[PDB]
């Protein structure tokens, strides 16, 4: 059983969109996936209500639910935590039980600051058990793209090779209650797929 958490208190980092699609790609690979929504706005929970999720969706009522994910979702291959906002406990709880922390970040310069709060938590965790961490560029298109790439290197945490390109298909699919794999967008499905293999490769 492995836990993957998408953390970044900043809203609009692209956590839910990534989670929904990467979780779906993992299912397509034959893995049993459990996703836990920790956001109060329940973006993912509501999306799943459409009934098209290719995995199991859970809605956390508090940090307590995150705290007991290892035991609760122990029968799944992967348990993905869809990060919250202001509730900083969620981040600490997630990091504490995660095997892979992914930090979705956009090229927005004035938004990288929030992603750093997660790194601070990671560094602290390192004392107990260093958890693999990766930055993930989302809503990719630039110069600020390069500046972001340098700020990331300063954190000591590497970024995934594949970035989530900004595409309407990501917005529409979630809106229709499904993922990019329910569309005919090969490029979109492709990067999500390649990205999903970089995740799997990290575990292998």
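Residue numbers count along the first chain shown, from 1.
Compared with the other entries of this protein, residue 128 is frequently left unbuilt, missing from a third or more of those that build its neighbours. Counting the deposited residues that fall between residue 141 and residue 142 and carry no coordinates gives a value of 1 to 3.
Mean CA temperature factor is higher for 144-152 when stretches 144-152 and 22-30 are set side by side in the entry.
When the mean C-alpha temperature factors of 31-39 and 45-53 are read from the deposited coordinates, 45-53 comes out higher.
When the C-alpha B factors of 133, 115, 97, 124 are read from the deposited coordinates, the top value falls at 115. Ranked within its chain, residue 72 lands in the highest third, by CA B factor from the PDB record. Ranked within its chain, residue 91 lands in the lowest third, by CA B factor from the PDB record. The deposited CA B-factor of residue 165 belongs to the middle third of values across its chain.
Residue 62: CA B factor lies in the highest third for its chain, per the PDB record. In this PDB entry, residue 120 carries a Cα temperature factor that places it within the lowest third of its chain's modelled residues.
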